[PDB]
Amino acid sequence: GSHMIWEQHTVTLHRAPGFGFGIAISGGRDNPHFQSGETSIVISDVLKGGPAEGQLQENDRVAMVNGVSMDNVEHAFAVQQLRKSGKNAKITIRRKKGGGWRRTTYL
């Protein structure tokens, strides 16, 4: 659409044993989202109990990793930026504004 609003967030992630950074990434210029064709790198999963939980969220668009742009990059290039990170990875993301409802009932 033409009316999307995104909020930028910066986080510094740390590796943990048996999780790594505890995220999955999808997307890339060579790996577009199936229906929309969007080429952004996207956080497609955040592992429960992992070091990214409460920092990054599923569907965050990744803008930068350690000062390197993720706009229009190969998926392998995004993976390589995280692979070469040491203990820490500075990640800048964009998150869709708002979300949710006033009331939610579990049954």
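Residue numbers here begin at 1 and follow the sequence given. Rigid core: the largest C-alpha set superposing within 1.5 Å between the two forms.
- Between 53 to 61 and 34 to 42, greater CA displacement relative to the shown form is found for 34 to 42 when the structures in 5 other deposited structures of this protein are fitted on the core.
- A fit on the rigid core, followed by a root mean square over CA positions in 5 other deposited structures of this protein, ranks 15 to 23 against 85 to 93 and picks 15 to 23 as the more shifted one.
- If you average the C-alpha B-factors over 29 to 37 and over 50 to 58, the higher value belongs to 29 to 37.
- Ranked within its chain, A16 lands in the highest third, by CA B factor from the PDB record.
- In this PDB entry, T92 carries a Cα temperature factor that places it within the lowest third of its chain's modelled residues.
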